[PDB]
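*Asks:* Partial complex follows, first chain(s) only, in situ:
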Amino acid sequence: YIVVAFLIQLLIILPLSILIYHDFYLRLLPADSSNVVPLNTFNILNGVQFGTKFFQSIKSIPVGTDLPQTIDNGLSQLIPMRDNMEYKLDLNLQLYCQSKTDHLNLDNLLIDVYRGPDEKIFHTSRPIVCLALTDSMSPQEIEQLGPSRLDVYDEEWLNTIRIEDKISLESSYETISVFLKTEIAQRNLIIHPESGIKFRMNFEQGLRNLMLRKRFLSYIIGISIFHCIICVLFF
Amino acid sequence: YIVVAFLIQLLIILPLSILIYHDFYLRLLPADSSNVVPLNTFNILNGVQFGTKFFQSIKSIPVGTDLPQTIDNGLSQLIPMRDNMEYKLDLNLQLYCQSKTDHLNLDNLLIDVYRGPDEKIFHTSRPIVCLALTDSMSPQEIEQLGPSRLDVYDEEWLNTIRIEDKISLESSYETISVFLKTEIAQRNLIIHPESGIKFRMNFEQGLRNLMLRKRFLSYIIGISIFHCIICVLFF
């Protein structure tokens, strides 16, 4: 006779909690600091000496002017960012790899992040796994990793590459560019559509910056704290 | 145990009830305020340097006339839209991919949604899986994924591509076009007949937000009432 009121309290607190959580987002954050810029909004330009390179110039936004938003229209569109403001990137690309030549099965993706005053900022490598002719999808793999083979490839052959806090960019610059060159052999890189670059504002305070980093973890912990305090106060 | 059981039963009961309420709202959902143009009612024009393209002209209905409905005759017919009030597209295409090139079972489908005054509005790519010669169904797959091999190819090889709430098309512009190219190799695309492009009405969010605040409240209230009653009875 009480679990109904328990659910009523859930549907009162949880919605109120997310509302107060967005209130904290509104006050603590400007609510438009971060800006997820998908790779497909850059200007792709392939090559052989260098792999796929994504580049896109930068427009400098005078202070006071409302900040535009990088719409995921997949259309090329300049990155917005305050001229007099430090910005800290978060490269988040996930991709598939594939090759007609049954040359190699595991390879090393090289990532270079230049900027332009031409001047390299960040370079790393990540051992990516690559499809090949002699790869077959076992029946048990289809049973366990979801019946849809696209979901199986997502679970098994997709290779996420997260780069956090390692890149910093000034709006006084322009024409950021990210290279992706597989090094051992030519490969077909299938960049997952939801791969982007989170342009953060890099507050001089560690805790709020970490909260901006771990958005989903904050979605967990802040909602949990709100629910617990509200329910304990009411009880 | 109480909260665990209440969450489990809520997760079990929400699907059917929410789908029934969705059907109820769809019955309320107007055919004038929502249209589903089947993709096969466009004009197809195959090619090589550009993928299969679907393009259809547009007729504008002056206000006062009851808005017609795009029938499933599979015959090329014009797309009906209002004079100037704004529509927001929902591409929901799903397709098999197949080839004899024996390129491996992975590829990138480039989607380009143009519009007429020869101008691009939306672009995205989705990793799709493609049939190949070195692919057979295990006896195990047929035993779990339905005995009808069409159903197995459906649960397993179908590329559901849902692009929702991302495209907006002025009624003033005409000749909307959609492109489906494959990036890595020349494939054969088999467009499932129920694939199409919804035309939701992009009406004032102030009403839509309140409608969302009316939708959410109604869904929560109904699901909570039914779930709480049935759970208390079952306890």
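*Replies:* Looks like it arrived, so ask away. Residues are numbered from 1 along each chain as shown, chains lettered A, B, ... in the order given.
*Asks:* Next secondary structure after the longest helix seen in chain A?
*Replies:* The longest helix of chain A (DSSP state H) is helix A:3-28. Under the assignment DSSP states H and E, the closest C-terminal helix or strand after helix A:3-28 is strand A:35-38.
*Asks:* And stretch A:167-186, what's buried?
*Replies:* By neighbour count on 16 or more other Cβ atoms under 10 Å in any protein chain shown, the buried set for stretch A:167-186 is A:167, A:169, A:171, A:173-174, A:176-182. For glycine as for every other residue, the C-beta is placed from the backbone atoms N, C-alpha and C.
*Asks:* Tell me which residue of chain A is furthest from the middle?
*Replies:* Distance from the centre of chain A peaks at residue A:1, with 45.7 Å (Cα atoms, centre = their mean).
*Asks:* Skipping adjacent residues, who's closest to it in space?
*Replies:* For residue A:1, ignoring the flanking residues on the chain, the nearest one in space by Cβ to Cβ, 6 or more residues apart in numbering or on different chains is residue B:232 at 7.0 Å.
*Asks:* Now that neighbour: which helix or strand?
*Replies:* helix B:205-234.
*Asks:* elements contacting that helix?
*Replies:* Applying 3 or more Cβ pairs under 8 Å, 6 or more residues apart in numbering or on different chains; DSSP states H and E, we find helix B:205-234 packed against helix A:3-28, helix B:2-28.
*Asks:* Which of those sits closest to residue B:193?
*Replies:* helix B:2-28 (20.3 Å; Cβ to Cβ).
*Asks:* buried sites along the closest one?
*Replies:* Neighbour-count burial for helix B:2-28 flags B:6, B:9-10, B:13 (criterion: 16+ other Cβ under 10 Å).
*Asks:* Near chain B, which residues of chain A are found?
*Replies:* By the rule Cβ under 8 Å from any Cβ of the partner chain, the part of chain A lying against chain B is A:1, A:3-4, A:6-8, A:11, A:40, A:72-75, A:96, A:98, A:100, A:131-133, A:135-137, A:139-140, A:142-143, A:147-150, A:153, A:157, A:188, A:190-193.
*Asks:* same structure, new chain, call it chain C:
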Amino acid sequence: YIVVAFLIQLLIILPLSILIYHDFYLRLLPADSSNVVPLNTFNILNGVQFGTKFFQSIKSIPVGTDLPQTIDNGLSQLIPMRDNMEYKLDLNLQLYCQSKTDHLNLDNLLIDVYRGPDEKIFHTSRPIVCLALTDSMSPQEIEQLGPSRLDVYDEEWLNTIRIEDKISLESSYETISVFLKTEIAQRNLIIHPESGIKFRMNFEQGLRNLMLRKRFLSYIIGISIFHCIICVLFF
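*Replies:* With chain C added, the chains above now look like this:
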């Protein structure tokens, strides 16, 4: 000592249930509205640019004259239908597919339904599954899908294609024709013998039209209602 009388009541009501159900068929329906016309009663004519096409002229039946019946003699015979009466088709074809060339395994059947005053009235596609030399019948498939391999192919490789309410035909026309062209590659189409086209009379009332649609579902629900009301009244 009562289950015997229970079965007596069954063998009294259920035969009386079906008799009164046929009474409702006699009064509500003309008892000769629908007319299942098998494809093999058309005039098959193969081709390469177009697949198998089934065509058959139409004789216009003056009002008052008794309506003929399309006998399943498999012999070519003109379709009967009242000159001054709207008719709504139901394409119900199921088939097998096969190909000596071990090339593709899943294909796309194109269905076109013309009429003649030459003028297209319907077009659709359906992803059909096709046999190929690289297909073997596993022992477990024989154990589970029935020992008879013809029944296994029926359960597994047969692909039904139902088209309901999507076609409308006037008797003032003549020479209906249905095309079936597999598009990707030449295929051997084995049309199942019991495939036809239900020419319905398309009442202006939704409920009776739906009853005519779902003949078997009506066989279930109407008999259930008769049995329940009779048994409850007697009890």
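*Asks:* returning to that earlier point: from the chain's centre, how far out does the longest helix of chain A sit?
*Replies:* Distance, stretch centre to chain centre, for helix A:3-28: 27 Å (Cα atoms, centre = their mean, to the nearest Å).
*Asks:* relative orientation of that helix and helix A:215-234 in degrees?
*Replies:* Interaxial angle, helix A:3-28 versus helix A:215-234 (axes from the mean of the first three to the mean of the last three Cα atoms, to 10 degrees): 120 degrees.
*Asks:* Wait, residue A:6 touches residue B:10, no?
*Replies:* No. Using Cβ atoms under 8 Å, residue A:6 is not in contact with residue B:10; the gap is 11.4 Å.
*Asks:* how far out from the middle of the chain is the helix holding residue B:232?
*Replies:* Centre-to-centre, helix B:205-234 and its host chain are 25 Å apart (Cα atoms, centre = their mean).
*Asks:* in that helix, what counts as buried?
*Replies:* Quick answer for helix B:205-234 (16+ other Cβ under 10 Å): B:219, B:223-224, B:227-228, B:231.
*Asks:* Against residue A:199, how distant is the residue most central in space within chain A?
*Replies:* Centroid-nearest residue in chain A: residue A:92, 3.7 Å away (criterion: Cα atoms, centre = their mean). For residue A:92, the distance to residue A:199 (Cβ to Cβ, to the nearest Å) stands at 11 Å.
*Asks:* Give the closest residue to the residue of chain A found nearest chain C in space, chain neighbours not counted.
*Replies:* In chain A, the residue that lies nearest chain C is residue A:139 (11.4 Å; Cβ to the nearest Cβ). Distance criterion Cβ to Cβ, 6+ apart; nearest residue to residue A:139, sequence neighbours excluded, is residue B:138 at 3.7 Å.
*Asks:* Quick check: that neighbour touching residue A:140?
*Replies:* No. Counting by Cβ under 8 Å, residue B:138 sits too far from residue A:140 to count as a contact (9.1 Å).
*Asks:* then chain D, please:
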Amino acid sequence: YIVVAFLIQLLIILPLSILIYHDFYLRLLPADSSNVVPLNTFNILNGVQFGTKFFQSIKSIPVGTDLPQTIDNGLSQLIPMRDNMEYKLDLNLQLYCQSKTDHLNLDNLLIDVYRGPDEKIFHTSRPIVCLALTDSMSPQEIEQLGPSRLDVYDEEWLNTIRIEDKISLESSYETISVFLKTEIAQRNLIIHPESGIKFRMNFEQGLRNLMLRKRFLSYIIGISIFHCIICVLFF
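*Replies:* If we add chain D to the chains shown above, we get the following:
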């Protein structure tokens, strides 16, 4: 539980009792009012542009003479029919199919039942399964489907084709003929020796309907009595 058990036991008991009563009625079923002409008692004439054809002339017995019976001597002998009272054929042929062309295990058997004044009466096609080189029996099949491989080929590869209550043959017409062609490829048909063509008497339905109303009543009464007695005793 009562109704469930009564339905289950009825479904179990109907087979044997109904077959025994069918044999009882067959003993009553006259050899003058029912004849079974084995298909091997026709005259076979093989070919290519037309499949294997079975044709037999007809002798008419003036009334008064006791109707002879088509013996199973396997020797070509004429088909006996009455002067003018109408017979209604029941083709029940069942056959294996087999070839070295290694066309895949599926084909279409065209059946044409002609009659003489060179005139067609019935035509149908039935998907049949055909042996091929790439076909072997698993050890599992032999363990379940009888140890005799002839029995396995029977339960699994036999194409039972029953065409009942579809052909009517005037006694005045003579030289009845049956054609068995394979549509896709040249196969070897192995006609099971017990295949034939029944000759039921197409007598007045007014008697047949009442006979059906006498058959149904007797079957229902006997099955109900035995089932009810044995079930009440077993409860």
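*Asks:* what number of residues lie near the residue of chain A found nearest chain D?
*Replies:* Chain A approaches chain D most closely through residue A:139 (18.0 Å), counting by Cβ to the nearest Cβ. Residue A:139 sits with 15 neighbouring residues when counted by other Cβ atoms under 10 Å in any protein chain shown.
*Asks:* Could I get the contacting residues of it?
*Replies:* Contacts for residue A:139 (Cβ atoms under 8 Å, 6 or more residues apart in numbering or on different chains) come out as B:138, B:140-141.
*Asks:* Give the PyMOL command for selecting the buried subset of the residues you listed.
*Replies:* Remark: buried members of those, expressed as a PyMOL selection using 16+ other Cβ under 10 Å:
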select buried, chain B and resi 138+141
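*Asks:* Tabulate the contacts of residue A:139 (a markdown table), appending secondary structure.
*Replies:* What follows is the contacts of residue A:139, written out as a markdown table (DSSP: H, G, I helix; E, B strand; the rest coil):
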| residue | secondary structure |
| --- | --- |
| B:138 | coil |
| B:140 | helix |
| B:141 | helix |
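*Asks:* what comes up buried for the helix or strand where the residue nearest to the centre of chain A lies?
*Replies:* Assigning secondary structure by DSSP H and E places residue A:92 in strand A:86-98. Using 16+ other Cβ under 10 Å as the test for burial, strand A:86-98 gives A:87-98.
*Asks:* any idea of the angle the helix or strand following that strand forms with strand A:86-98?
*Replies:* Remark: after strand A:86-98, the chain's next helix or strand is strand A:106-116, criterion DSSP H and E. Relative orientation of strand A:106-116 versus strand A:86-98 (the same axes, to 10 degrees): 150 degrees.
*Asks:* Buried ones in strand A:106-116, by neighbour count?
*Replies:* The neighbour-count check on strand A:106-116 (16+ other Cβ under 10 Å) flags A:107, A:109, A:111-115 as buried.
*Asks:* in its sheet, what does it sit against?
*Replies:* Under the criterion DSSP bridges, strand A:106-116 sits next to strand A:119-129 (antiparallel), strand A:174-182 (antiparallel) in its sheet.
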